[PDB]
Amino acid sequence: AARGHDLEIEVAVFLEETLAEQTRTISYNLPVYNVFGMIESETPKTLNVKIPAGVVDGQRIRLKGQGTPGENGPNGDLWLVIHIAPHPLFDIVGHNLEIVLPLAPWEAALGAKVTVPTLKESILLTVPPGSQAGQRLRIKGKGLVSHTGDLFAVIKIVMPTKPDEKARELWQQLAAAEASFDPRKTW
Amino acid sequence: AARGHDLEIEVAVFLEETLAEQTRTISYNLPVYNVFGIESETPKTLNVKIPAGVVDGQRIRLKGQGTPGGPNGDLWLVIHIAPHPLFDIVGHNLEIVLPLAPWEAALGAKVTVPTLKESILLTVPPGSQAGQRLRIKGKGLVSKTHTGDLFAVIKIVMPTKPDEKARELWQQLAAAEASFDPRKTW
């Protein structure tokens with residue numbers, strides 16, 4: 001008389017439902033064997049499991065005896081391992097969230113106040129003058145919740161498409177203005 | 001009625017070296033355990049032609065070339081192409097961050113770009129974009145029968161705080177391109 005084996009089901013969970021006390025329907029099969037010992041059938045099972053809120057990524061939950069049938073012995077256990085889903089805007093890094101902050105070059109140079117999204121509502125982040133590409137601007141009070149974490153606005157500089165006659169001239173003049181700038185001092 | 005012991009030998013290569021077959025001379029040490037189971041180290045040297053296209057971690061085995069009452073052990077050559085400070089490998093291809101000033105992307109330029117071998121002058125067309133991939137054919141890795149390319153991936157970079165002049169032109173710019181919405185995606 002030996003016990004059954006443990007099953008594992010990786011449950012993907014949209015980050016947004018992190019603080020959501022959520023219900024997932026789990027479905028799995030338990031194999032049924034021949035007198036000659038091979039599978040010949042699978043019995044289908046389902047449970048409506050109440051997943052607690054604020055389940056951290058990769059965290060584990062145990063449903064005892066929901067695993068494989070024991071031999072002769074107790075059933076094995078079933079494990080639901082969480083895997084927080086890849087957010088469209090935010091990105092889980094540590095206990096904090098990251099948001100890429102697209103900025104037009106003028107916006108980065110002059111500075112600008114622009115609305116940025118959070119978990120729920122949208123705050124107003126201010127960008128200092130002269131900010132650089134890769135700039136890691138922090139916004140406290142908006143981040144993973146449980147205490148609560150912080151969001152980081154990581155600046156990325158974007159460009160409009162090819163410019164028309166007038167916008168061109170201007171660019172040539174900045175080019176002239178900033179002719180001394182070496183964007184590749186590293187090489 | 002015993003048998004042999006094995007050996008792992010790290011063999012450091014450089015990304016540039018990988019571009020062609022290279023004859024190499026590895027010096028190592030062959031252990032000596034007393035007929036117990038260590039107090040000596042009879043060294044050796046082998047001359048091997050490493051092939052064009054190897055990859056970090058790759059292993060080449062040499063038979064019998066380990067310790068020696070029956071069959072001898074085996075020798076393991078573990079390649080170790082430690083990380084290059086400019087080119088990131090992506091299969092048979094290479095990637096390089098190409099810093100550009102906002103006005104280089106806007107106006108379009110010609111920029112000298114490095115290579116595993118020798119530099120090349122790259123044409124950045126007017127209107128280029130953050131994250132854009134400019135292809136440099138054949139400057140990627142040389143696998144057995146294929147040769148990858150190198151991609152210069154644009155990254156707009158800005159200078160430090162500006163001044164009356166710069167700042168005045170940036171304001172004009174903003175007006176000229178007032179319709180542009182970087183955060184369209186929000």
# chains A, B, ... in the order shown; residues from 1 in each chain; ligands from 1
>>> interface_residues(of="chain B", to="chain A", cutoff="9 Å", atoms="only C-alpha atoms", output="number ranges by chain")
B: 98-107, 113-114, 125-131, 155-162, 165-167, 169-174, 176-177, 180-183, 186
>>> select_by_dssp(residues="stretch 84-138 of chain B", states="strand (DSSP E or B)", output="list in words")
residues 88, 89, 90, 93, 94, 95, 96, 97, 98, 99, 100, 109, 110, 111, 112, 113, 120, 121, 122, 123, 124, 133, 134, 135 and 136 of chain B
>>> write_last_selection(atoms="C-alpha atoms", output="compact mmCIF listing (two decimals), in the first residue's frame")
# COMPACT_ATOMS: atom_id res chain seq x y z
CA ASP B 88 23.80 40.58 -27.78
CA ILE B 89 23.34 37.23 -29.43
CA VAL B 90 20.01 36.34 -30.84
CA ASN B 93 22.13 37.24 -35.37
CA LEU B 94 23.67 40.06 -33.37
CA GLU B 95 22.16 43.20 -31.89
CA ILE B 96 23.64 46.55 -31.07
CA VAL B 97 22.06 49.51 -29.36
CA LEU B 98 22.46 52.46 -31.68
CA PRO B 99 22.27 55.67 -29.76
CA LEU B 100 20.99 58.52 -31.91
CA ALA B 109 22.32 60.47 -40.98
CA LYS B 110 25.25 58.21 -41.66
CA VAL B 111 26.75 56.66 -38.53
CA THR B 112 29.82 54.54 -38.08
CA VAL B 113 28.86 51.35 -36.37
CA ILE B 120 30.60 50.09 -41.18
CA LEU B 121 28.90 53.32 -42.15
CA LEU B 122 25.20 52.89 -41.66
CA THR B 123 22.51 54.92 -43.37
CA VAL B 124 19.83 56.09 -40.93
CA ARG B 133 15.95 47.75 -36.39
CA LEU B 134 18.51 48.72 -39.00
CA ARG B 135 19.98 45.64 -40.66
CA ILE B 136 23.70 45.12 -41.39
>>> residues_around(residues="residue A:64", least_positions_apart="2", cutoff="10 Å", atoms="only C-alpha atoms", output="PyMOL selection string")
chain A and resi 6+61-62+66-67+74-79
>>> residues_around(residues="residue B:92", least_positions_apart="3", cutoff="7 Å", atoms="only C-alpha atoms", output="list in words")
residues 140, 141, 143, 147 and 148 of chain B
>>> atom_distance(atom1="atom CA of residue A:98", atom2="atom CA of residue A:9")
28.4 Å
>>> atom_distance(atom1="atom CA of residue A:38", atom2="atom CA of residue A:65")
22.6 Å
>>> residues_around(residues="stretch 14-25 of chain A", least_positions_apart="5", cutoff="9 Å", atoms="only C-alpha atoms", output="count of residues only")
21
>>> select_by_dssp(residues="chain A", states="alpha helix (DSSP H)", output="list in words")
residues 105, 106, 107, 108, 109, 110, 165, 166, 167, 168, 169, 170, 171, 172, 173, 174, 175, 176 and 177 of chain A
>>> closest_residue(among="A:120, A:127, A:73, A:58", to="residue A:143", atoms="only C-alpha atoms")
A:120
>>> residues_around(residues="residue B:7", least_positions_apart="3", cutoff="9 Å", atoms="only C-alpha atoms", output="list in words")
residues 30, 65, 66, 67, 73, 74, 75, 76 and 77 of chain B
>>> write_last_selection(atoms="N, CA and C atoms", output="short mmCIF file (atom, residue, chain, number, x, y, z; two decimals), in the first residue's frame")
data_model
loop_
_atom_site.label_atom_id
_atom_site.label_comp_id
_atom_site.auth_asym_id
_atom_site.auth_seq_id
_atom_site.Cartn_x
_atom_site.Cartn_y
_atom_site.Cartn_z
N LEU B 30 46.65 16.46 -15.71
CA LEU B 30 45.98 15.16 -15.56
C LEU B 30 46.26 14.65 -14.15
N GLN B 65 40.62 10.24 -22.98
CA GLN B 65 41.49 11.26 -22.42
C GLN B 65 41.19 11.76 -21.01
N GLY B 66 40.85 10.85 -20.10
CA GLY B 66 40.62 11.17 -18.67
C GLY B 66 41.64 10.33 -17.92
N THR B 67 41.33 9.90 -16.70
CA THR B 67 42.25 9.01 -15.97
C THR B 67 42.28 7.66 -16.72
N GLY B 73 39.14 7.27 -18.47
CA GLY B 73 38.10 8.29 -18.40
C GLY B 73 38.05 9.20 -19.64
N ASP B 74 37.08 10.13 -19.67
CA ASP B 74 36.89 11.07 -20.79
C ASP B 74 37.18 12.55 -20.47
N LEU B 75 37.58 13.29 -21.51
CA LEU B 75 37.90 14.71 -21.36
C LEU B 75 36.81 15.61 -21.93
N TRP B 76 36.35 16.55 -21.11
CA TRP B 76 35.33 17.50 -21.51
C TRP B 76 35.81 18.94 -21.67
N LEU B 77 35.74 19.42 -22.91
CA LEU B 77 36.10 20.79 -23.23
C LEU B 77 34.83 21.60 -23.23
#
>>> atom_distance(atom1="atom CA of residue B:61", atom2="atom CA of residue B:13")
16.7 Å
>>> residues_around(residues="residue B:11", least_positions_apart="4", cutoff="7 Å", atoms="only C-alpha atoms", output="PDB file with N, CA, C and O atoms, in the first residue's frame")
ATOM      1  N   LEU B  77      35.742  19.415 -22.911  1.00  0.00           N
ATOM      2  CA  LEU B  77      36.095  20.789 -23.228  1.00  0.00           C
ATOM      3  C   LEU B  77      34.834  21.603 -23.231  1.00  0.00           C
ATOM      4  O   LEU B  77      34.004  21.442 -24.130  1.00  0.00           O
ATOM      5  N   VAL B  78      34.669  22.462 -22.229  1.00  0.00           N
ATOM      6  CA  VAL B  78      33.477  23.296 -22.214  1.00  0.00           C
ATOM      7  C   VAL B  78      33.811  24.699 -22.716  1.00  0.00           C
ATOM      8  O   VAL B  78      34.623  25.422 -22.122  1.00  0.00           O
ATOM      9  N   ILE B  79      33.224  25.047 -23.852  1.00  0.00           N
ATOM     10  CA  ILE B  79      33.391  26.379 -24.390  1.00  0.00           C
ATOM     11  C   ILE B  79      32.765  27.360 -23.426  1.00  0.00           C
ATOM     12  O   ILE B  79      31.824  27.029 -22.711  1.00  0.00           O
ATOM     13  N   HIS B  80      33.314  28.563 -23.404  1.00  0.00           N
ATOM     14  CA  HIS B  80      32.823  29.596 -22.544  1.00  0.00           C
ATOM     15  C   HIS B  80      32.998  30.964 -23.154  1.00  0.00           C
ATOM     16  O   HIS B  80      33.903  31.705 -22.773  1.00  0.00           O
TER      17      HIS B  80
END
>>> decode(residues="stretch 17-48 of chain A", atoms="N, CA, C and O atoms", output="PDB file, in the first residue's frame")
ATOM      1  N   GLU A  17      -6.590  41.012 -11.205  1.00  0.00           N
ATOM      2  CA  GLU A  17      -7.386  40.269 -10.247  1.00  0.00           C
ATOM      3  C   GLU A  17      -6.580  39.921  -8.999  1.00  0.00           C
ATOM      4  O   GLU A  17      -7.030  39.144  -8.167  1.00  0.00           O
ATOM      5  N   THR A  18      -5.394  40.513  -8.862  1.00  0.00           N
ATOM      6  CA  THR A  18      -4.531  40.263  -7.715  1.00  0.00           C
ATOM      7  C   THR A  18      -5.323  40.450  -6.432  1.00  0.00           C
ATOM      8  O   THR A  18      -5.468  39.508  -5.660  1.00  0.00           O
ATOM      9  N   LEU A  19      -5.877  41.646  -6.221  1.00  0.00           N
ATOM     10  CA  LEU A  19      -6.634  41.900  -4.983  1.00  0.00           C
ATOM     11  C   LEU A  19      -8.047  41.344  -5.094  1.00  0.00           C
ATOM     12  O   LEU A  19      -8.835  41.413  -4.149  1.00  0.00           O
ATOM     13  N   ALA A  20      -8.360  40.784  -6.255  1.00  0.00           N
ATOM     14  CA  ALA A  20      -9.654  40.160  -6.464  1.00  0.00           C
ATOM     15  C   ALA A  20      -9.676  38.761  -5.844  1.00  0.00           C
ATOM     16  O   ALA A  20      -8.792  37.916  -6.078  1.00  0.00           O
ATOM     17  N   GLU A  21     -10.687  38.523  -5.013  1.00  0.00           N
ATOM     18  CA  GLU A  21     -10.932  37.198  -4.456  1.00  0.00           C
ATOM     19  C   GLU A  21     -11.682  36.439  -5.531  1.00  0.00           C
ATOM     20  O   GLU A  21     -12.868  36.678  -5.758  1.00  0.00           O
ATOM     21  N   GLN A  22     -10.984  35.542  -6.218  1.00  0.00           N
ATOM     22  CA  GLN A  22     -11.473  35.050  -7.495  1.00  0.00           C
ATOM     23  C   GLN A  22     -11.764  33.570  -7.456  1.00  0.00           C
ATOM     24  O   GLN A  22     -11.232  32.841  -6.609  1.00  0.00           O
ATOM     25  N   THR A  23     -12.649  33.152  -8.360  1.00  0.00           N
ATOM     26  CA  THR A  23     -13.042  31.756  -8.500  1.00  0.00           C
ATOM     27  C   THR A  23     -12.689  31.167  -9.834  1.00  0.00           C
ATOM     28  O   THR A  23     -13.230  31.590 -10.854  1.00  0.00           O
ATOM     29  N   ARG A  24     -11.826  30.163  -9.823  1.00  0.00           N
ATOM     30  CA  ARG A  24     -11.470  29.522 -11.049  1.00  0.00           C
ATOM     31  C   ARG A  24     -12.007  28.111 -11.000  1.00  0.00           C
ATOM     32  O   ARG A  24     -12.120  27.534  -9.929  1.00  0.00           O
ATOM     33  N   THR A  25     -12.444  27.626 -12.159  1.00  0.00           N
ATOM     34  CA  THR A  25     -12.910  26.275 -12.348  1.00  0.00           C
ATOM     35  C   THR A  25     -11.708  25.510 -12.769  1.00  0.00           C
ATOM     36  O   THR A  25     -11.162  25.794 -13.837  1.00  0.00           O
ATOM     37  N   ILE A  26     -11.303  24.524 -11.975  1.00  0.00           N
ATOM     38  CA  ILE A  26     -10.150  23.732 -12.336  1.00  0.00           C
ATOM     39  C   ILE A  26     -10.703  22.457 -12.924  1.00  0.00           C
ATOM     40  O   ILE A  26     -11.734  22.016 -12.485  1.00  0.00           O
ATOM     41  N   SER A  27     -10.060  21.931 -13.963  1.00  0.00           N
ATOM     42  CA  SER A  27     -10.497  20.720 -14.645  1.00  0.00           C
ATOM     43  C   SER A  27      -9.335  19.825 -14.934  1.00  0.00           C
ATOM     44  O   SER A  27      -8.372  20.279 -15.511  1.00  0.00           O
ATOM     45  N   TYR A  28      -9.416  18.550 -14.586  1.00  0.00           N
ATOM     46  CA  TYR A  28      -8.314  17.671 -14.862  1.00  0.00           C
ATOM     47  C   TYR A  28      -8.797  16.273 -14.971  1.00  0.00           C
ATOM     48  O   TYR A  28      -9.879  15.961 -14.561  1.00  0.00           O
ATOM     49  N   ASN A  29      -7.967  15.429 -15.536  1.00  0.00           N
ATOM     50  CA  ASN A  29      -8.306  14.043 -15.696  1.00  0.00           C
ATOM     51  C   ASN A  29      -7.503  13.155 -14.789  1.00  0.00           C
ATOM     52  O   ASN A  29      -6.413  13.492 -14.407  1.00  0.00           O
ATOM     53  N   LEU A  30      -8.100  12.048 -14.390  1.00  0.00           N
ATOM     54  CA  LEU A  30      -7.436  11.013 -13.608  1.00  0.00           C
ATOM     55  C   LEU A  30      -7.564   9.781 -14.462  1.00  0.00           C
ATOM     56  O   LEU A  30      -8.673   9.327 -14.756  1.00  0.00           O
ATOM     57  N   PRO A  31      -6.429   9.255 -14.885  1.00  0.00           N
ATOM     58  CA  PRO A  31      -6.303   8.089 -15.739  1.00  0.00           C
ATOM     59  C   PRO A  31      -6.853   6.848 -15.123  1.00  0.00           C
ATOM     60  O   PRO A  31      -6.782   6.697 -13.911  1.00  0.00           O
ATOM     61  N   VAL A  32      -7.393   5.974 -15.959  1.00  0.00           N
ATOM     62  CA  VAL A  32      -7.945   4.693 -15.527  1.00  0.00           C
ATOM     63  C   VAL A  32      -7.261   3.553 -16.308  1.00  0.00           C
ATOM     64  O   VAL A  32      -7.224   3.565 -17.531  1.00  0.00           O
ATOM     65  N   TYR A  33      -6.749   2.563 -15.583  1.00  0.00           N
ATOM     66  CA  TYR A  33      -5.950   1.492 -16.193  1.00  0.00           C
ATOM     67  C   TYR A  33      -6.550   0.126 -16.401  1.00  0.00           C
ATOM     68  O   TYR A  33      -7.347  -0.340 -15.608  1.00  0.00           O
ATOM     69  N   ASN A  34      -6.083  -0.493 -17.493  1.00  0.00           N
ATOM     70  CA  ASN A  34      -6.384  -1.865 -17.926  1.00  0.00           C
ATOM     71  C   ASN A  34      -5.904  -2.882 -16.958  1.00  0.00           C
ATOM     72  O   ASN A  34      -5.047  -2.635 -16.129  1.00  0.00           O
ATOM     73  N   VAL A  35      -6.379  -4.088 -17.167  1.00  0.00           N
ATOM     74  CA  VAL A  35      -5.912  -5.190 -16.389  1.00  0.00           C
ATOM     75  C   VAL A  35      -4.441  -5.406 -16.861  1.00  0.00           C
ATOM     76  O   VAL A  35      -3.602  -5.872 -16.081  1.00  0.00           O
ATOM     77  N   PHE A  36      -4.134  -5.042 -18.115  1.00  0.00           N
ATOM     78  CA  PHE A  36      -2.775  -5.140 -18.633  1.00  0.00           C
ATOM     79  C   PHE A  36      -1.928  -3.905 -18.267  1.00  0.00           C
ATOM     80  O   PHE A  36      -0.834  -3.680 -18.819  1.00  0.00           O
ATOM     81  N   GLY A  37      -2.491  -3.015 -17.458  1.00  0.00           N
ATOM     82  CA  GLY A  37      -1.754  -1.832 -17.006  1.00  0.00           C
ATOM     83  C   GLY A  37      -1.516  -0.606 -17.881  1.00  0.00           C
ATOM     84  O   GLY A  37      -0.535   0.101 -17.668  1.00  0.00           O
ATOM     85  N   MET A  38      -2.368  -0.308 -18.858  1.00  0.00           N
ATOM     86  CA  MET A  38      -2.128   0.926 -19.610  1.00  0.00           C
ATOM     87  C   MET A  38      -3.387   1.752 -19.458  1.00  0.00           C
ATOM     88  O   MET A  38      -4.435   1.230 -19.063  1.00  0.00           O
ATOM     89  N   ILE A  39      -3.307   3.034 -19.773  1.00  0.00           N
ATOM     90  CA  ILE A  39      -4.477   3.836 -19.611  1.00  0.00           C
ATOM     91  C   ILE A  39      -5.465   3.353 -20.638  1.00  0.00           C
ATOM     92  O   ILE A  39      -5.084   2.853 -21.670  1.00  0.00           O
ATOM     93  N   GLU A  40      -6.740   3.398 -20.314  1.00  0.00           N
ATOM     94  CA  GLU A  40      -7.739   3.001 -21.280  1.00  0.00           C
ATOM     95  C   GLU A  40      -8.894   3.954 -21.234  1.00  0.00           C
ATOM     96  O   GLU A  40      -9.832   3.828 -21.992  1.00  0.00           O
ATOM     97  N   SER A  41      -8.783   4.931 -20.351  1.00  0.00           N
ATOM     98  CA  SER A  41      -9.847   5.849 -20.060  1.00  0.00           C
ATOM     99  C   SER A  41      -9.353   6.932 -19.104  1.00  0.00           C
ATOM    100  O   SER A  41      -8.392   6.703 -18.385  1.00  0.00           O
ATOM    101  N   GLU A  42      -9.985   8.105 -19.099  1.00  0.00           N
ATOM    102  CA  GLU A  42      -9.618   9.167 -18.146  1.00  0.00           C
ATOM    103  C   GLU A  42     -10.866   9.705 -17.502  1.00  0.00           C
ATOM    104  O   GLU A  42     -11.769  10.098 -18.209  1.00  0.00           O
ATOM    105  N   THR A  43     -10.959   9.741 -16.182  1.00  0.00           N
ATOM    106  CA  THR A  43     -12.212  10.245 -15.622  1.00  0.00           C
ATOM    107  C   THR A  43     -12.033  11.732 -15.510  1.00  0.00           C
ATOM    108  O   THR A  43     -10.986  12.178 -15.065  1.00  0.00           O
ATOM    109  N   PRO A  44     -13.061  12.515 -15.868  1.00  0.00           N
ATOM    110  CA  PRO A  44     -12.896  13.976 -15.797  1.00  0.00           C
ATOM    111  C   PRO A  44     -13.293  14.564 -14.449  1.00  0.00           C
ATOM    112  O   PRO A  44     -14.296  14.153 -13.891  1.00  0.00           O
ATOM    113  N   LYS A  45     -12.513  15.508 -13.936  1.00  0.00           N
ATOM    114  CA  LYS A  45     -12.833  16.145 -12.673  1.00  0.00           C
ATOM    115  C   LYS A  45     -12.853  17.647 -12.771  1.00  0.00           C
ATOM    116  O   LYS A  45     -12.206  18.206 -13.633  1.00  0.00           O
ATOM    117  N   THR A  46     -13.635  18.290 -11.918  1.00  0.00           N
ATOM    118  CA  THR A  46     -13.660  19.736 -11.872  1.00  0.00           C
ATOM    119  C   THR A  46     -13.971  20.181 -10.487  1.00  0.00           C
ATOM    120  O   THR A  46     -14.737  19.565  -9.795  1.00  0.00           O
ATOM    121  N   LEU A  47     -13.389  21.286 -10.093  1.00  0.00           N
ATOM    122  CA  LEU A  47     -13.642  21.893  -8.805  1.00  0.00           C
ATOM    123  C   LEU A  47     -13.794  23.374  -9.061  1.00  0.00           C
ATOM    124  O   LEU A  47     -13.232  23.907  -9.988  1.00  0.00           O
ATOM    125  N   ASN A  48     -14.562  24.046  -8.250  1.00  0.00           N
ATOM    126  CA  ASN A  48     -14.631  25.460  -8.388  1.00  0.00           C
ATOM    127  C   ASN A  48     -13.859  25.918  -7.187  1.00  0.00           C
ATOM    128  O   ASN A  48     -14.363  25.896  -6.073  1.00  0.00           O
TER     129      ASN A  48
END
